[PDB]
Every structure is written in C-alpha cells, then in structure tokens.
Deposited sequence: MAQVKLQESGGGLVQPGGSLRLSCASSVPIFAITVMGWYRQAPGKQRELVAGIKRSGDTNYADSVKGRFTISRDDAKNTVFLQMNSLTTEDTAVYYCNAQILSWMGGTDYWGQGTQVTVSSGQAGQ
C-alpha cells in the first residue's frame, strides 16, 4: 500500500544541476533500500543510486562523483542531487522502495532532459 512520488525533473543545460525528490507515503526508515533508477525509451533500465536504512550509498560508475543520493527523514523524502549533467543523462528517473517485510514499489517517474539551448 506504499506510494512514491518523484518531482524535480525537467530541462537542464549541459553541465547544469537538478535535484530530484522522492516523497514516500510511509516513513522512509521503514524502507530497507531506496533507489533511483533511470530508463530512456528504447534502452534498458539502469540503476543510478541507492541508499540503505543505515545510510550506505552506492552509485553506478557513470554517475559516481556527479550524483548524490540522501535521506531527509524530517521531510520523509529521498533526494538525488544531479550535477554536471550531459546528454547521456536524459531519461525518465524512477524511485524504487524495497520493503523487506519482500516487496517492491515504484513511482511514476520524472523526465530529465539535458539539452544545450
């Protein structure tokens, strides 16, 4: 019965930054792993970053050092700060909550489009 909602995507210049938000209907401490995925139409879905209840973070190689995933317990939101964006980063970005108490839940996704203009 868990609901997830992404926000914060949109258009951004190459080299620019965005901060995605994933708000949760349940306390995020109840979520074992929260992760950010991305998928562009025609390609495979790709794990971008994850964060455990403890706070341990793992990132895809392509985003290491550019993206940062974090838990905001007070706002009950998991953020993905995305820096130094390029056209390779254009995709719909999805939030995923793992609640091992073993079930999966996803948000509707938010479009990120990196284009120089």
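Open item on the list: Comparing the deposited sequence with the modelled residues, which stretches have no C-alpha coordinates?
Closed with: Coordinates drop out over 1 to 2, 104 to 106, 123 to 126.
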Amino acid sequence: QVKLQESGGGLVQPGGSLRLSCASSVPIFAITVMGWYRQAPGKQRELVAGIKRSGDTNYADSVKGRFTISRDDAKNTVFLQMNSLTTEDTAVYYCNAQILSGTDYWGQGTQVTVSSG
From here on, numbers count along this sequence of modelled residues.
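TODO: Taking the mean of the C-alpha B-factors per stretch from the entry, tell me the winner out of 39 to 47 and 75 to 83.
DONE: The recorded data point to 39 to 47.
Task: Cα B factor band for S101 (lowest, middle or highest third within the chain) - done: Within its chain, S101 is a highest-third residue by C-alpha B-factor, going by the deposited values.
Task: Third of the chain's Cα B-factor distribution that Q1 belongs to, per the entry - done: Ranked within chain, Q1 CA B lands in the highest tercile.
Open item on the list: Lowest, middle or highest third: which one holds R53 when the chain's residues are ordered by CA B-factor from the entry?
Closed with: Ranked within chain, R53 CA B lands in the highest tercile.
Task: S116 CA temperature factor, ranked by third within the chain - done: It belongs to the highest third of the chain when residues are ordered by C-alpha B-factor.
Open item on the list: Using the temperature factors of the C-alpha atoms in this entry, rank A30 within its chain: lowest, middle or highest third.
Closed with: CA B-factor rank for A30: highest third.
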